[PDB]
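Before any questions on how it binds or moves, here is one chain, the form deposited in one PDB entry, in structure tokens.
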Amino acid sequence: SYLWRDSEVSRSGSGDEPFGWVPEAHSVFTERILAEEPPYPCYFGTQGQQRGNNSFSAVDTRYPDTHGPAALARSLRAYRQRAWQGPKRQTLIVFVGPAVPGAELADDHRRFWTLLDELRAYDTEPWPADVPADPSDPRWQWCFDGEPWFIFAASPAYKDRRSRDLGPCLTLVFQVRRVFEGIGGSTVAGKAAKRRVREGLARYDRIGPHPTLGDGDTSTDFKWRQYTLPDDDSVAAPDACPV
């Protein structure tokens, strides 16, 4: 395991034990995404939360042999199975802790890429034949358990891009392709989804949508850039993926 529904996340926690800080990270996350004024910009995530469609896990950096990447690989395999049954719009939120006071965005980003690397070692499935393995390829995406994931990193060090601050921990948000059924970027519903989320971003964030966010007319190349947005509108070089 370590794959939890909301009800299964423990009620309170003892900071010194493995995952003893998770109750607090979970409360702050749920407070952020359910906040009513201004609303959390992604109404899909809010609704996911309200319907009980979000799952959770964690990594405890102090207990790597038992509550680390290997256990997360097992939890992701279980999540992948859950995500292809029942409702289409599910998300997995993974808290990485304990929180490190003072951490900068660069540091959180470094930790994010290290974890993705480490998870690779615990994959039981080969890299998908239809996604290139070179991360400098325009079509590269992170893959695990035989398919590509949609993934991004949230951090308290986001000051203007407040939408990506989900509480005190480095937080990973994972989804399978299924969540986008009917809302592909090129469709009328997909465009409506973009308009609606971006209106929410305008009122919640102090900086506008990042330039690497697609208009949805073409497949977006160098998706890696979207996993770890900067807090400004700088655009990284397509070929500088850190994995």
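Shifts are known only where both forms have a C-alpha. Numbering starts at 1 and runs along the sequence shown. Here, rigid core means the biggest group of C-alpha atoms that superpose within 1.5 Å across both forms.
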May I ask whether residue 217 is missing from the deposited models in at least a third of the other compared entries?
yes
Averaging the C-alpha B factors as listed in the entry, name the stretch that ends up higher: 33-41 or 50-58.
33-41
Segment of higher mean CA temperature factor, 88-96 or 158-166
158-166
According to the deposited entry, which of 83, 73, 116, 106 has the largest Cα B-factor?
106
78, 173, 133, 143, ranked by C-alpha B-factor: the highest one:
133
The third of the chain into which the C-alpha temperature factor of residue 22 falls is the lowest
Residue 206: CA temperature factor from the record, placed by chain third, in the highest
Third of chain Cα B-factors occupied by residue 121
middle
Tertile call for residue 64 (CA temperature factor, within chain, third-based) is the middle
Taking only the Cα B-factors deposited for this chain, tell me whether residue 200 sits in the lowest, middle or highest third.
middle
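Here the subject shifts to the form deposited in another entry, a form of this protein not shown in this document.
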I want to check residue 18: does it shift between the shown form and the other one by 2 Å or more at the Cα, with the core superposed?
no
Residue 50: Cα shift of 2 Å or greater between the shown form and the other one (core-aligned):
no
Quick check on residue 217: with the core superposed, does its CA move 2 angstroms or more between the shown form and the other one?
yes
Residue 8 and residue 12: do their C-alpha atoms lie closer or farther in the other form than in the form you see, with a change of 3 Å or more?
closer
Residue 205 and residue 216: do their C-alpha atoms lie closer or farther in the other form than in the form you see, with a change of 3 Å or more?
closer
Sequence-ordered runs, three or more residues, C-alpha shift 2 Å or more between the shown form and the other one, rigid core:
11-16, 214-219
